[PDB]
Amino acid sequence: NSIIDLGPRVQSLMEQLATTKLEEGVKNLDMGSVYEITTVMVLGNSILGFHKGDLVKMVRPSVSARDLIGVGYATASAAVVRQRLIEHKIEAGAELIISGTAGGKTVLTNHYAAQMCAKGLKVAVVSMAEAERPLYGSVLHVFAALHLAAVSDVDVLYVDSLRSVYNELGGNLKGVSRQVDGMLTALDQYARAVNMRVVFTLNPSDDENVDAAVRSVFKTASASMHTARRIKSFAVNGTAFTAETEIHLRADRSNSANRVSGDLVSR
């Protein structure tokens, strides 16, 4: 068992999606057939639909897709079940790992990814909106990665990070918090509909007050997502790391301190 990098698959799909006629649709793709899922997202005022593993079609409705849908959603077949999540007692939904001046969000993601892979889960990782990463990290890249993972034999998906999406929704401008709330709620709703555990990461480094943005996004994520994790402290001792974290679980409303340490895992 090993961790799958979904990055190149998103990159090749984006090349195929660079058509002048997406309204006609792009057929004969091989996105995946393990699960029957339909991903419907809003791009501007238009709707972009990912139908199973074969079709991707854009529609321009008479009324804006913003008024119609808002952000996006998933519809799954009644047969869709990720058995390995049940066996290892991992609940479907989205999780957020947020950090500020302390950092260590990528180090923690790699730690949790390797931990799940060692446990027996089929783990996928997609790197975006960060240095040394080819994917820019737009809302399209997030929904394309979510869909590619959903229709595939992927139990846990790691999206590192939402930096570009946060910027796209005006997060670095201080109407803004509503759009971030909407995105976070849609991502948790998606991971539930698709029966997958999605872990998203964010470091609002482009913001004026980085730690104040962390505190507000953490409060938002605490209500909108299954799990919200804030890195308070982070330090590296050669090949090992240690991080002082604050975790919120929506289920029991609890806010507890958790110390997480381990070795540096490469990606």
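Residues carry their position along the shown sequence, with the first being 1.
Visitor: If I compare the deposited sequence with the modelled residues, how many are absent between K174 and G175: none, 1 to 3, 4 to 9, or 10 or more?
Guide: Missing residues, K174 to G175: 1 to 3.
Visitor: Looking only at CA atoms, which has the higher mean B factor in the entry: 165-173 or 107-115?
Guide: Result of the comparison: 165-173.
Visitor: For the C-alpha atoms alone, is the average B factor greater in 196-204 or in 233-241, going by the entry?
Guide: The stretch with the larger average C-alpha B-factor is 233-241.
Visitor: Quick check for you: using the entry's CA B-factors within this chain, is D155 in the lowest, middle or highest third?
Guide: CA B-factor rank for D155: lowest third.
Visitor: C-alpha B factor of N209, ranked within the chain: lowest, middle or highest third?
Guide: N209: CA B-factor falls in the highest third of its chain.
Visitor: What third of the chain does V81 rank in for C-alpha temperature factor, lowest, middle or highest?
Guide: Ranked within chain, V81 CA B lands in the middle tercile.
Visitor: Compared with the other modelled residues in the chain, in which third is the CA B-factor of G120?
Guide: Its C-alpha B-factor, which the entry lists for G120, ranks in the highest third among residues of this chain.
Visitor: By the recorded C-alpha temperature factor, relative to the other modelled residues in its chain, which third is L68 in?
Guide: It belongs to the middle third of the chain when residues are ordered by C-alpha B-factor.
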